[PDB]
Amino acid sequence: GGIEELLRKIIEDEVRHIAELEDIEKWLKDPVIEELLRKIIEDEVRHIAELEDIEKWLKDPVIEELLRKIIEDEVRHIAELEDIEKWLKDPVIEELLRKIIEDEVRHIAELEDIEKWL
């Protein structure tokens, strides 16, 4: 329970996003979207790695920047995925992007809550 459970669920979301965004990149085959999604996937991979290891750094000043950067990534992801969602005319994929955005929004709120006190 508690925060460790919240972080586990964030990690599970990020893992799913990678798989889902890789499917979306295969369906679309557009070069602007490929560059955006490639970089989002890179971020999501790092978020998984860092949050899996986060206990090691709880007493270390580095924790402030680790969480700040993950939150900043997620904020950028919402903006970019919203842009892609608006640009597309492909209702199934637009709905998938909307659901990913909802996850990213929740992650920002939860990580902000944790970052506040660390």
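A residue's number is simply how far along the shown sequence it sits, counting from 1.
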query: Of 37-45 and 81-89, the stretch whose C-alpha atoms average the higher B-factor in the entry; finding: 81-89
query: Residue range whose averaged C-alpha B-factor is higher in the record, 19-27 or 6-14; finding: 19-27
query: Record-listed C-alpha B factor of residue 109: chain third; finding: highest
query: Chain thirds of CA B-factor: placement of residue 70; finding: lowest
query: Residue 62 CA temperature factor, ranked by third within the chain; finding: middle
query: Lowest, middle or highest third - CA B-factor, residue 55; finding: highest
